């Protein structure tokens, strides 16, 4: 009528074994736990959405921020701008933010990133 059999059991996970010898010293529990790869990825998806939710709920403030920036732009003393000021203006011109940049960099392989590190 019916039949089954369980075949491959495979696990991919992070083992965390804490110790109160040095560093952060509080006695938290659980002191030892395991997080599967997918628990980690699900937490990462959830964090991206929390941030994209915050960007969505602040749309009025971000709009205001660019209004103010335009309104005072006539008074700018470019000769008093800094290194970082110019970098920041380039970043905005190119549509970049802190998180999309980091997400883009991490999408490359760890092998690629170590080698990229090495020809700098």
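Numbering follows the first chain given and starts at 1.
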query: Segment of higher mean CA temperature factor, 70-78 or 29-37; finding: 70-78
query: Given 103-111 and 5-13, the range whose Cα B-factors average higher in the PDB entry; finding: 103-111
query: Ranked C-alpha temperature factor of residue 57 among modelled chain residues, by third; finding: highest
query: Chain-wide C-alpha B factor ranking for residue 43, given as lowest, middle or highest third; finding: lowest
